[PDB]
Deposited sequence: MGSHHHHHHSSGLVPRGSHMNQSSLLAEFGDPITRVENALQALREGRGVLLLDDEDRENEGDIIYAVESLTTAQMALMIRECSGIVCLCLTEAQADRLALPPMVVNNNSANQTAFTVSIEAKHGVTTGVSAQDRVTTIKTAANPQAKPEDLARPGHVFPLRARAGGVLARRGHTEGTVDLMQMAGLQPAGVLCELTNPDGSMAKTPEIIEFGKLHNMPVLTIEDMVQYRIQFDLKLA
């Protein structure tokens, strides 16, 4: 019946296709994981089109713990080890062009700095107010997380392989469920899709990335 609720966004393959196009157009999407996993919907944006206004929306509508999903190669490049001996690294801040690091603009500056393919460890102070996540190799076919869905979506869309996520939260602090996620998506012109949709699509189109 999640399946049935999502029918106004199309069938599974169409739900992926439209999410890919929204991303290529610099818009965001809403990605749900398995109902028996976190059963949460995250706003997802591409780093390369990311704006202050998009970041502000995440902060105002989501948990506020905005994460940067990176490939393992990029995380390694940044010398970001895991926070602890979900693949949270130590937290990060831009050294240049920010103040406290927490404003929407500051977080976006931090994020663009980290996602740069020419980035260096020393571009980033640690700890900070952006929370990077290492996407596992293989993506959603290997681990069915929002982290992997984020990076696969960018890759599948032909975009810089870095994205930001944050979990949609209702005003009263409870986590948003499918009906709320659907309404939020229609109000914000953001396609909704599931991790399972992405799994099926990758295989259906022989998408090794």
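The chain's deposited sequence has unresolved stretches at 1 to 20, 106 to 112, 237, with no C-alpha coordinates there.
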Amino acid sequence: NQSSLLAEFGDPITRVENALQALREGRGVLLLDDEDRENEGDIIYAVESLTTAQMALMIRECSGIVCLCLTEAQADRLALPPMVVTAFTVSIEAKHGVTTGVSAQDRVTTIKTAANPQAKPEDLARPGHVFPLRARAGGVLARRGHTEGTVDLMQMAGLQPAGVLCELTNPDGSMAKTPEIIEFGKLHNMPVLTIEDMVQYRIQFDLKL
From here on, numbers count along this sequence of modelled residues.
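Throughout, rigid core stands for the largest set of C-alpha atoms superposing within 1.5 Å between the two forms.
Averaged over structures and residues, the CA distance from the shown form in 5 other deposited structures of this protein after a core fit is larger for 37 to 45, of the two stretches 24 to 32 and 37 to 45. Judged by the one-third criterion across other entries of this protein, residue 83, though modelled here, is missing from at least a third of those that model both its neighbours. When the C-alpha B-factors of 136 to 144 and 25 to 33 are averaged, 136 to 144 comes out higher. Note on 164 to 172 vs 34 to 42: mean CA B-factor is higher in 34 to 42.
The entry lists C-alpha B-factors for 103, 91, 86, 109, and the highest of these is at 86. Among the modelled residues of its chain, residue 199 has a C-alpha B-factor that falls in the highest third according to the deposited record. The PDB entry assigns residue 179 a C-alpha temperature factor belonging to the middle third of its chain's modelled residues.
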